[PDB]
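If you read the protein sequences in the order shown, they are chains A, B, C and D. For reference, each letter of the first sequence is one residue, going 1415 to 1636 in the numbering used here. For reference, each letter of the second sequence is one residue, going 1415 to 1636 in the numbering used here. For reference, each letter of the third sequence is one residue, going 8 to 221 in the numbering used here. For reference, each letter of the fourth sequence is one residue, going 8 to 221 in the numbering used here. We put the CB at the ideal spot given by N, CA and C, even for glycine.
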Amino acid sequence: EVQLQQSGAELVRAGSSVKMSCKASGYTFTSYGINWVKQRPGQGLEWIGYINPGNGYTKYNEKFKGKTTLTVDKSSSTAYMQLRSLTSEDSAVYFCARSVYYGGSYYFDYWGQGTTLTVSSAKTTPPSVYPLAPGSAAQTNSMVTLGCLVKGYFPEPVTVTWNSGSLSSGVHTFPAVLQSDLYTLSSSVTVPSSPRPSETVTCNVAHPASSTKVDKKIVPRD
Amino acid sequence: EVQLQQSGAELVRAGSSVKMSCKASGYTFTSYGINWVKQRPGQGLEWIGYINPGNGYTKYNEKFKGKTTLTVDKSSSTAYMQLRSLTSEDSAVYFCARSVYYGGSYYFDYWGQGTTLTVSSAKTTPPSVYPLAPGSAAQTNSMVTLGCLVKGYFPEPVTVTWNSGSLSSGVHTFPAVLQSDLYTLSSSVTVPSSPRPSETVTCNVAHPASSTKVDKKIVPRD
Amino acid sequence: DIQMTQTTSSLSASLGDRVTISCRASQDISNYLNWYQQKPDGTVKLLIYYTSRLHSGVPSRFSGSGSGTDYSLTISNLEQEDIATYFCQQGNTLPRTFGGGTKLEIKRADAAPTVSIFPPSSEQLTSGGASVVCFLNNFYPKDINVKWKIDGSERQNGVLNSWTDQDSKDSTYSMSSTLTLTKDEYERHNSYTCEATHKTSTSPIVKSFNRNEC
Amino acid sequence: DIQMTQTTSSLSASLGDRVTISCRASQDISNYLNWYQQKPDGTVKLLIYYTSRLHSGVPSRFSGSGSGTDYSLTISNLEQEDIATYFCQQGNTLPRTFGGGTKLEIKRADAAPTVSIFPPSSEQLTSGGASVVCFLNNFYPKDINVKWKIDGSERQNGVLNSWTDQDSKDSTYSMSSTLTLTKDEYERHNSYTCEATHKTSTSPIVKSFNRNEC
């Protein structure tokens, strides 16, 4: 079995640098080539370069070229990639892959899990949690939807659960969005109108980075 | 990694001459040329001349030429510019930029922080800090606007501050203008009609070049 | 440079169907087209390489054909786990280029969003902050636009939106939008509205609230 | 010498907008045109070289184009950090020459000036000089006229003005006008008036004060 196993520094100020490791196992490291592909949060796969550990050297994708250095270390059977001038548009997941030949030309047969990189200047900041209830008294008469707002945190991720997890149906946890260098997300839940407020509805949000564990019960009114 | 550091401000008399230095570090100082751009407060960017660090250098712009002179010192990685017959007009910011080449083109890639030149015969003079109390709540109702006037100082900068900083919203500190061969700036602050004069409000101005620190409490009347 | 284009970003097909994804290349790629899959995991495995027809180590239910400029992948028996994103790529010239990918979704019938407005909470108001949140749950398809109105108009500035991937059990979509204002501006107006425009009605769905009806 | 002109001395834009700054050389430049960015604090940096196409290591939101004599720089999703002045330059022929520059400023709702006048502080008069200050704060657009009157008259001489760069929080500008007279001439008039006209009203927000009523 073949395996590209990677990782490296993952959260850095802008203008900084990073070195990503791509460790190959299961074959002889000098018989094939590695490629690094970029994928910003907004889909699309971007080809960067190609290092050939053996007939030694490289070839870069105009655009990453100049800001990207591809090297490798034969002895440790590890290839490396380094991003200089890190900026925000660089915050993304990077994969490495082995190119095989077969008739015609090359193709990527094995992929690393990809190391995530997040170019920020933010500081670990706990999330503020606020309850989201109907509001203007007027239900939605039949079933009722309540929420939980989690604002101003960093970094990711965040754990949101309702009634310790007893509530699992009708729950929507939205991907976090970057307000101002901080993240914000919310989670809705839906229960018959016979439960709330009568029965208790509580969101259990957690933010490991800041050792923040919190339980905001959803009571009526404002 | 590649950087050019320029050297401090230069207050100098009209008629005299000065010599500013540019220092490279992070690359081979002799493989690239050096140019000098001039920028008077009149925004515009100008090109003075270029110089070849490893050769007999030189190449000026018919204009700064004859009044300027570019030099260098291999064994120091430094670039120098010597202005002569100084006058108001020569007052401006001077940047040094490295020339790099790419398939037929010459562009400036790295700039230094630039240096400031001031052509004046002024002496060091502590600023006077006057109280700007408000005489008519006619102008803008329900909020007050107090101020500090800082006149007669030299040279720049001047740092103004309100209530040691605990007061920082609604405060505008205006660029200084050159009055009678000295500087004059002001600053304004806005607070609710309750805070003044109930609670104090004072402007703390500082003039390093004079070892001056003045704290003017703003009181009514005149 | 060689442009790899894949018509249909979002392909809709029901479990069982034989899905076919398409890929076109800005020029004759000489049968050096490869297909990569990507689960919601983010992981990407190799499926078919060399102008289709060539299996790597995946189920036989995956295949490709084509030539010249046009290529297509195929999924004879669409599996639940096959709901992923598919990228074609060319190996004919440098640099290497991938298509824009095609993500799959399931059969669902038109649904129409259940919209919900939520004024800020006491708690956030006391910390001197205000965020108006609105919910658009379980709709179909995923196309949807939201607009905020303060006292009857505008407000683009300060709106933050997020959408969920298709739903595991029901194949719907959900969206959250947040208008975030200062506590001082917030209180300057009484009515807030969340208007949702969906291909389920020509009349925009509307939900609002009057700051003094709580 | 190759004249370089920029289509403007400043442009307005909104965060998230695509911004285009053009340049035009008095003669053919063979695509030998570069673009630089000067941050409000003076620090300058290379943005794009070789006919607005190639870059140093800047966001891929920036990009440029053109040829012959007309060249353009386009910043797509305008960011707060991009509020700056842009310069074009050609390395074609000597002397190298630059373009006038184009400063960005964020668009906002019109805003009239809060105006305040201030009489010479006692302290200052003891000096033999009397300055009269007038602040015109938090207004937009930027363009703005100020006129001084004494018992109703001209005061072309002795005035000195100063303008803030567009504020970072809100998107307003401020200006400070100052009439500097000698205590002598100062005690020779009663009314001192500051009048500020702004395309936000026909009638100027006049402010003033009387020496005898203090």
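Original post:
Going by the CB atoms, is the gap between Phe69 (chain C) and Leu53 (chain C) shorter than 8 angstroms?
Top reply: The count along the third sequence starts at 1 and reaches residue 53 (chain C) at position 46. The count along the third sequence starts at 1 and reaches residue 69 (chain C) at position 62. No.
Subject >> Residues that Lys1433 (chain A) contacts on chain D, provided the C-beta gap is smaller than 9 angstroms >> reply: As a position in the first sequence, residue 1433 (chain A) is number 19, starting the count at 1. Under the 9 angstroms cutoff, chain D gives no residues; its nearest Cβ is about 17 angstroms from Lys1433 (chain A).
Original post:
How about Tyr1494 (chain A) and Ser1435 (chain A): are their beta carbons less than 8 angstroms apart?
Top reply: For the purposes of this step, residue 1494 (chain A) is taken as the residue at position 80 of the first sequence. For the purposes of this step, residue 1435 (chain A) is taken as the residue at position 21 of the first sequence. The answer is yes: Cβ separation under 8 angstroms.
**OP:** Taking all protein chains shown into account, decide if residue 1637 (chain B) is buried (16 or more other Cβ within 10 angstroms of its Cβ) or exposed.
**Re:** A question about residue 1637 (chain B) goes unanswered here, because the residues of chain B that appear run from 1415 up to 1636.
**OP:** Tell me whether the beta-carbon of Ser181 (chain D) lies closer than 8 angstroms to the beta-carbon of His1586 (chain B).
**Re:** Along the fourth sequence, one-based indexing puts residue 181 (chain D) at 174. Along the second sequence, one-based indexing puts residue 1586 (chain B) at 172. Against a cut-off of 8 angstroms, the Cβ pair of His1586 (chain B) and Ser181 (chain D) comes out as a contact.
Original post:
So is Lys1473 (chain A) in contact with chain C if we call contact Cβ pairs under 8 angstroms?
Top reply: Taking the first sequence and counting its residues from 1, one reaches residue 1473 (chain A) at position 59. Chain C, which has a Cβ nearer than 8 angstroms to the Cβ of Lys1473 (chain A), makes this yes.
Subject >> Residue-chain proximity (residue 1412 (chain A), chain D), Cβ-Cβ < 8 angstroms >> reply: Since the first residue of chain A shown is 1415 and the last is 1636, residue 1412 (chain A) is not available in this structure.
Subject >> Three-state class that DSSP yields for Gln87 (chain D) in the structure shown >> reply: Residue numbering aside, residue 87 (chain D) sits at position 80 when the fourth sequence is read from its first letter. Correct three-state label for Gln87 (chain D): helix.
Original post:
Interface residues of chain D around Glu1460 (chain B) at Cβ under 8 angstroms?
Top reply: Locating residue 1460 (chain B) in the second sequence gives position 46, where the first residue counts as 1. Ordered by position in chain D, the residues that pass the 8 angstroms Cβ test against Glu1460 (chain B) are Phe105.
Original post:
According to the Cβ coordinates, are residue 1358 (chain A) and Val1432 (chain A) closer than 8 angstroms?
Top reply: Nothing about residue 1358 (chain A) can be read from this structure; chain A reaches only from 1415 to 1636.
Original post:
How big is the Cα-Cα spacing for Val1605 (chain A) and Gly107 (chain C)?
Top reply: Within the first sequence, residue 1605 (chain A) is the residue found at index 191, counting from 1. Within the third sequence, residue 107 (chain C) is the residue found at index 100, counting from 1. Near 40 angstroms, if we compare the C-alpha coordinates of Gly107 (chain C) and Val1605 (chain A).
Original post:
Which class does residue 2 (chain C) belong to by DSSP, given the choice of helix, strand or coil?
Top reply: Summary: the structure shown does not reach residue 2 (chain C), with chain C confined to residues 8 through 221, and so no result is reported for it.
Subject >> Where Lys1481 (chain A) meets chain D, residues with beta-carbon distance less than 7 angstroms >> reply: Mapped onto the first sequence, residue 1481 (chain A) falls at position 67. Residues of chain D passing the Cβ test: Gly64.
Original post:
How many angstroms separate the CA atom of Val140 (chain D) from the CA atom of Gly165 (chain C)?
Top reply: Within the fourth sequence, numbered from 1, the residue matching residue 140 (chain D) stands at position 133. Within the third sequence, numbered from 1, the residue matching residue 165 (chain C) stands at position 158. Distance between the alpha carbons of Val140 (chain D) and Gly165 (chain C) is about 38 angstroms.
**OP:** Compute the distance between the beta-carbons of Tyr43 (chain C) and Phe125 (chain C), then report whether it is under 8 angstroms.
**Re:** The residue given as residue 43 (chain C) occupies position 36 in the third sequence. The residue given as residue 125 (chain C) occupies position 118 in the third sequence. Result no, Cβ atoms of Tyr43 (chain C) and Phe125 (chain C) do not sit closer than 8 angstroms.
Subject >> Neighbouring residues, chain C, relative to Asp1523 (chain A) (Cβ below 8 angstroms) >> reply: Here residue 1523 (chain A) refers to the residue found at position 109 of the first sequence. Within 8 angstroms Cβ-Cβ: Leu53, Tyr56, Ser63.
Subject >> Chain-ordered neighbours of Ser1535 (chain A) on chain D, where CB pairs are closer than 7 angstroms >> reply: Start at 1 with the first residue of the first sequence, and residue 1535 (chain A) comes out as number 121. By Cβ distance, chain D contributes nothing, its closest Cβ being about 11 angstroms from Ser1535 (chain A), past 7 angstroms.
**OP:** Put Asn41 (chain C) into one of helix, strand or coil per three-state DSSP.
**Re:** As a working mapping, residue 41 (chain C) is identified with position 34 in the third sequence. Three-state DSSP puts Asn41 (chain C) in a strand.
**OP:** Output yes or no for whether 8 angstroms exceeds the beta carbon distance between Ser184 (chain C) and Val153 (chain C).
**Re:** Reading the third sequence from its first residue, position 177 is the one you call residue 184 (chain C). Reading the third sequence from its first residue, position 146 is the one you call residue 153 (chain C). Yes. Within cutoff.
Original post:
Within 10 angstroms of its Cβ, does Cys221 (chain D) collect 16 or more other Cβ (buried), or is it exposed?
Top reply: If you number the fourth sequence from 1, residue 221 (chain D) lands on position 214. By the neighbour-count rule (16 or more Cβ atoms within 10 Å), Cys221 (chain D) is not buried but exposed.
Original post:
Among residues of its own chain, excluding the 5 on either side of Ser29 (chain C), which ones have a beta-carbon nearer than 6 angstroms to its beta-carbon?
Top reply: Against the third sequence, residue 29 (chain C) aligns to sequence position 22. Counting only Cβ-Cβ distances below 6 angstroms, and skipping sequence neighbours, we find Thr14, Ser79.
Original post:
What does residue 227 (chain D) touch in chain A if you count any residue whose Cβ is under 8 angstroms from its own?
Top reply: This structure gives no information on residue 227 (chain D), because the portion of chain D shown stretches from 8 to 221.
Original post:
By Cβ distance below 8 angstroms, which residues in the same chain neighbour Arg103 (chain D) in space, the five residues on each side in sequence not counted?
Top reply: Residue mapping note: residue 103 (chain D) aligns to position 96 of the fourth sequence, counting from 1. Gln96, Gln97.
Original post:
Could one say the Cβ of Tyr1516 (chain B) lies closer than 8 angstroms to chain D's Cβ atoms, at least one of them?
Top reply: Along the second sequence, read from residue 1 onward, the residue named residue 1516 (chain B) stands at position 102. Yes, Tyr1516 (chain B) counts as interfacial toward chain D.
Original post:
Would the beta-carbon of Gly71 (chain C) fall within 8 angstroms of that of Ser63 (chain C)?
Top reply: Position 64 of the third sequence, counted from the first residue, corresponds to residue 71 (chain C). Position 56 of the third sequence, counted from the first residue, corresponds to residue 63 (chain C). No, Cβ-Cβ distance for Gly71 (chain C) and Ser63 (chain C) is not below 8 angstroms.
**OP:** Using a cut-off of 8 angstroms between C-beta atoms, extract the partners of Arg1498 (chain A) located in chain D.
**Re:** Taking the first sequence and counting its residues from 1, the one referred to as residue 1498 (chain A) is at position 84. Chain D residues near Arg1498 (chain A): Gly64.
Subject >> Of the residues D:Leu188, D:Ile157, D:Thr207, D:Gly23, the one placed nearest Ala118 (chain D), counting alpha carbons only >> reply: Mapped onto the fourth sequence, residue 118 (chain D) falls at position 111. The residue with the shortest Cα to Cα distance from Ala118 (chain D) is D:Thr207.
Original post:
Among A:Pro1589, A:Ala1590, A:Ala1623, A:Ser1580, which residue has its Cα nearest to the Cα of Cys1617 (chain A)?
Top reply: Within the first sequence, residue 1617 (chain A) is the residue found at index 203, counting from 1. The shortest Cα separation from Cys1617 (chain A) among A:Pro1589, A:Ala1590, A:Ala1623, A:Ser1580 belongs to A:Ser1580.
**OP:** Kindly identify the DSSP beta-bridge partner or partners of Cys221 (chain C).
**Re:** Residue mapping note: residue 221 (chain C) aligns to position 214 of the third sequence, counting from 1. None; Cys221 (chain C) has no bridge partner.
Original post:
With distances taken from CA atoms, which of D:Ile9, D:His196, D:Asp172, D:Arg25 is nearest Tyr147 (chain D)?
Top reply: As a working note, residue 147 (chain D) is residue 140 in the fourth sequence. The shortest C-alpha separation from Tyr147 (chain D) is found at D:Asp172.
Original post:
So who's on the other strand from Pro1545 (chain A), going by DSSP bridges?
Top reply: Position 131 of the first sequence, counted from the start, is the residue given in the question as residue 1545 (chain A). Its beta-bridge partners are A:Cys1562.
Original post:
Would you say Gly1463 (chain B) and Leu1497 (chain B) are within 8 angstroms of each other, going by their C-beta atoms?
Top reply: The residue labelled residue 1463 (chain B) in the question sits at position 49 within the second sequence. The residue labelled residue 1497 (chain B) in the question sits at position 83 within the second sequence. Against a cut-off of 8 angstroms, the Cβ pair of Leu1497 (chain B) and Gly1463 (chain B) comes out as no contact.
Subject >> Bounding residues of the alpha helix (DSSP H) (the contiguous stretch that carries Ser129 (chain D)) >> reply: Taking the fourth sequence and counting its residues from 1, the one referred to as residue 129 (chain D) is at position 122. Taken as a continuous stretch (DSSP letters only), the alpha helix (DSSP H) holding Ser129 (chain D) covers 129-132.
**OP:** State the CB to CB distance for the pair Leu1599 (chain B) and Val1564 (chain B), rounded to an integer number of angstroms; the pair is presumed to be in contact (CB under 8 angstroms).
**Re:** Translated into positions along the second sequence, residue 1599 (chain B) becomes position 185. Translated into positions along the second sequence, residue 1564 (chain B) becomes position 150. Contact flag correct, Cβ pair sits at about 5 angstroms.
Original post:
What does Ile82 (chain D) pair with, by DSSP beta-bridge criteria?
Top reply: Taking the fourth sequence and counting its residues from 1, the one referred to as residue 82 (chain D) is at position 75. Answer by DSSP bridge pairing, in chain order: D:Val26, D:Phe69.
**OP:** State the Cα-Cα distance for the pair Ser1519 (chain A) and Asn41 (chain C), rounded to the nearest angstrom.
**Re:** Here residue 1519 (chain A) refers to the residue found at position 105 when the first sequence is read from its first residue. Here residue 41 (chain C) refers to the residue found at position 34 when the third sequence is read from its first residue. Straight-line Cα distance between these residues: approximately 11 angstroms.
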